[PDB]
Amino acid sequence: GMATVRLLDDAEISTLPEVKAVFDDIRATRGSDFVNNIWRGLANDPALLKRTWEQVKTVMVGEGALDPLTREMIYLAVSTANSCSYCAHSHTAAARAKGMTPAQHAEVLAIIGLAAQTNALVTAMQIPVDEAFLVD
């Protein structure tokens, strides 16, 4: 296929208790029977699959200091700066599912573009850290 690993289908996963447990938890957690490809590739290693899902579930689900949409927008900006194409798609879809409006999307993009610009400029100028930033 196009991944460097096999993408496991539901039929195979039902024969793999460790993997089925994780996939059913994803579905129960997300409120949808759709589980996206990232998980189907991680499924080749049950231990990694569970470590990754447990993190995602802890960080991105439940009460916390930031609302779920805000968390997805941060995830989307990070995915972009890391130039992960799949991640740009999945987290844009997830942001939309968590209520991201066109207006909000446009602003997220604007920030990602501006930040990339100023980051590059700072790096080219080798701006030293202001001493005011270093006070305890």
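Residue indices: 1-based, along the sequence shown.
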Query - 38-46 versus 61-69 - greater average Cα B-factor per the deposited record - result: 61-69
Report task. Would you mind checking where the Cα B-factor of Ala95 ranks among the modelled residues of its chain, as the lowest, middle or highest third? Result -> highest
**Report entry** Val78 - which third its CA temperature factor falls in, relative to the rest of the chain
**Finding:** highest
Query raised in the report: Taking the entry's C-alpha B-factors for this chain, is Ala110 in the lowest, middle or highest third?
Result: middle
Report task. Select lowest, middle or highest to describe the third in which the CA B-factor of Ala116 falls within its chain in this entry. Result -> lowest
Query - Modelled-residue ranking by C-alpha temperature factor, third containing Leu134 - result: highest
